[PDB]
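K.L.:
Position in the sequence shown (from 1) plus 645 gives the number in the authors' numbering.
Here you go, one structure.
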Amino acid sequence: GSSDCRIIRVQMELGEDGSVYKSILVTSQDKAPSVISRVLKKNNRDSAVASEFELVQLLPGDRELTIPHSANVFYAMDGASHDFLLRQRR
Numbered sequence: 646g647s648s649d650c651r652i653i654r655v656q657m658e659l660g661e662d663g664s665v666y667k668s669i670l671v672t673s674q675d676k677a678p679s680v681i682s683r684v685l686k687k688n689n690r691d692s693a694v695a696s697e698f699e700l701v702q703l704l705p706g707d708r709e710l711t712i713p714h715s716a717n718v719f720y721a722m723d724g725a726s727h728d729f730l731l732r733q734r735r
């Protein structure tokens, strides 16, 4: 319609409880790859707890969405759908 939105999906497989998925609604200009950090403490009882990880975007493996990137990341990472998998280094 007049406004457009893109969706993102990440999967962190580590933590005291560890997790394996992560799906959140993204708007055309919303940088929510960082919502996982707020999700960590909120989901640190069932899913993952430590977001100190390396994130890789795209099923084929091409773009990486780790924390070294800046806030305006999806404006550049969310062109298509956003799929990532997170590996906690610590």
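Just so it is clear, CB atoms sit at the ideal spot from N, CA and C, and this is done for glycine as well.
Does the distance from the CB of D723 to the CB of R651 come in under 8 Å?
P.N.:
Working through the sequence shown from its first residue, we reach residue 723 at position 78. Working through the sequence shown from its first residue, we reach residue 651 at position 6. A contact, by the Cβ cut-off of 8 Å.
K.L.:
So which of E661, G660, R654 has the shortest CA-CA distance to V671?
P.N.:
As a working note, residue 671 is residue 26 in the sequence shown. Taking only the C-alpha atoms, the option nearest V671 is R654.
K.L.:
Would you call the stretch 653-669 and the stretch 678-687 in contact, with 3 or more CB pairs under 8 Å?
P.N.:
Contact holds: three or more Cβ-Cβ distances are below 8 Å.
K.L.:
Among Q674, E661, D662, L659, which has the Cα closest to the Cα of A716?
P.N.:
Counting from 1 along the sequence shown, the entry for residue 716 is found at position 71. Comparing Cα-Cα distances from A716 to each of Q674, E661, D662, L659, the minimum goes to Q674.
K.L.:
Alpha carbon to alpha carbon, what distance is there between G660 and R690?
P.N.:
The residue given as residue 690 occupies position 45 in the sequence shown. The residue given as residue 660 occupies position 15 in the sequence shown. The alpha-carbon atoms of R690 and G660 are separated by roughly 10 Å.
K.L.:
In three-state DSSP terms, what is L704?
P.N.:
As a position in the sequence shown, residue 704 is number 59, starting the count at 1. In the structure shown, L704 sits in coil (DSSP, three-state: anything other than H, G, I, E or B).
K.L.:
Among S647, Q656, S648, which one has its Cα closest to the Cα of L685?
P.N.:
Within the sequence shown, residue 685 is the residue found at index 40, counting from 1. Of the listed residues, the one whose Cα sits closest to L685 is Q656.
K.L.:
With H, G and I counted as helix, E and B as strand and the rest as coil, what does DSSP make of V665?
P.N.:
One-based indexing of the sequence shown puts residue 665 at position 20. Three-state result, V665: coil.
K.L.:
Pick out whichever of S692, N688, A677 has its Cα sitting closest to the Cα of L710.
P.N.:
Your numbering for residue 710 matches position 65 in the sequence shown. Of the listed residues, the one whose Cα sits closest to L710 is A677.
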